[PDB]
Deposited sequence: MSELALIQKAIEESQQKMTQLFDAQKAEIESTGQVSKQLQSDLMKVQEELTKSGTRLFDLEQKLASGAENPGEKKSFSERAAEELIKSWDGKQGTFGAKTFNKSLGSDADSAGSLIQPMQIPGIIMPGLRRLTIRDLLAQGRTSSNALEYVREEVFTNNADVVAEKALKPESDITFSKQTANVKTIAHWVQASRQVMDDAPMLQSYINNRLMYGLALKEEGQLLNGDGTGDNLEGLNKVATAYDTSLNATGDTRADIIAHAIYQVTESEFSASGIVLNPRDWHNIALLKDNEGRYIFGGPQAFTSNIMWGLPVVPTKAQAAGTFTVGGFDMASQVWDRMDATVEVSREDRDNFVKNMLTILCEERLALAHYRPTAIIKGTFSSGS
């Protein structure tokens, strides 16, 4: 099974299990009364594959190492990028940043810091009757945020005790390289989106592939099928730092 020593984007979202090629649902639109709308989520597949030598790998304990440290790791890093930046066209999921709501750049005044913009965004999330539960950042941006002062020796956030992923103002932070530099995504992901797992990550070996029989190598493939549903896109705010 997979697993990383860090909070992942799918941990922020709600988890469900589905047994169909698609599922329909209702999207709550709020005007800043709520008007409902019909939506559908299609179960799409994310895969990661690597080429490998034949004999050393099917006759050694270097296979568990090879799929654990390359395949599951890459597959996780790929689903994390899909859930956050998917397009929704073809085999692409529709990511949080695709449906997210534009940050309102009228909430920031002269002299604002990054903490002020984070506060403005945690606000703008509240305009959906939902409470912000998670933040998604770039590791560079998260490092800059965790370590800044307040025109005084005092020390907002916790720096190198809270910078270690950890939390910020009570909300979990996911610092991920999938997130562009200078871009933040705040929201109540707990009750604004949901990932439905059709099939768990499965691994398979292809001896026969695109001229693999004559090249003396295998292809190892790890794949998983899931869908992403966005109940209230107004609960997600995607913004850019100054």
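Residues of the deposited sequence with no modelled C-alpha atom fall in the ranges 1-125, 158-172, 383-385.
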